[PDB]
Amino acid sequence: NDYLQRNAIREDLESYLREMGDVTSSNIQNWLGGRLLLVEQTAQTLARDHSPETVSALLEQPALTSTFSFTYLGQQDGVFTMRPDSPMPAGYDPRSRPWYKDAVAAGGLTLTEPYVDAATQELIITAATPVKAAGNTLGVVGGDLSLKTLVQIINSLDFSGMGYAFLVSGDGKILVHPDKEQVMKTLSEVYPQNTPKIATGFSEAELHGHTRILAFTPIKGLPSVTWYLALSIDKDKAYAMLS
């Protein structure tokens, strides 16, 4: 019976994809979490000493400079200190920036979606948290992460060559993707006819002439964002490999 045999293969494949999605989501959760905690650790150290000499020395520590492209403190009065050095664009105010507002609105450590960096005019992600001292908010510490770095973490596993992983918001906005052309596009723009639904377990759709299976796994431990790890699998390839 071809129907029972088809369902037998599909259930085995979905079981495997569920397993790959869980571990990859765990992996990016732990990776982002360490970056978040490093930013949190930096803020609480600054909360008890934020003199210019100390701010500079702390941001230059190699645990920070080797982890983030840049680490910085934007203060409540608008003053901005960033390491490593970078030329500054005219009219910059850290308080108007997405990372600063997101941290303040979150009331704690959070991650931005990709936004246009003020200096490089390129997309960047930022781990950010307020600096709190006796209820006062003195500012926000941010740590910048390249989207390429996140693509590499979620694609550490090759998924037996069946496909690839990307990140998507609960709103359907593609945040990081191996194809740079799909970054910040929505699932509806990428799949206009039969759009995959995040809530549904496994969706089938057509991309570039081939049927693909999509599966979305929530990423836990990310305060104030609802992001999913998405697997995009070549359907014909997966069914053939699993006989």
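Heads up: residue numbers just count along the shown sequence, starting at 1.
Output the stretch having the higher mean C-alpha B factor in the entry; the candidates are 32-40 and 45-53.
If you average the C-alpha B-factors of 32-40 and of 45-53, the larger mean comes out for 45-53.
With respect to the recorded C-alpha B factors, which stretch has the higher mean value, 58-66 or 180-188?
Higher mean C-alpha B-factor in the PDB entry: 180-188.
Out of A134, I124, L111, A90, residue topping the C-alpha B-factor column of the entry
Among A134, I124, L111, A90, the PDB entry lists the largest C-alpha B-factor for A134.
Between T149, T129, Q75, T71, which one tops the list for C-alpha B-factor in the PDB entry?
The C-alpha B-factor peaks, among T149, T129, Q75, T71, at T149.
Split the chain's modelled residues into thirds by Cα B-factor; is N27 in the lowest, middle or highest one?
Middle third - that is where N27 ends up once the chain's C-alpha B-factors are sorted.
Going by the recorded CA B-factors, say which third of the chain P98 sits in, lowest, middle or highest.
Middle third - that is where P98 ends up once the chain's C-alpha B-factors are sorted.
What third of its chain's C-alpha B-factors does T81 belong to: lowest, middle or highest?
For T81, the deposited C-alpha B-factor lands in the lowest third.
With respect to C-alpha B-factor, does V168 fall in the lowest, middle or highest third of the chain as deposited?
According to the entry, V168 has a C-alpha B-factor in the chain's lowest third.
Give the position of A215 by CA B-factor within its chain, expressed as the lowest, middle or highest third.
Top third by C-alpha B-factor.
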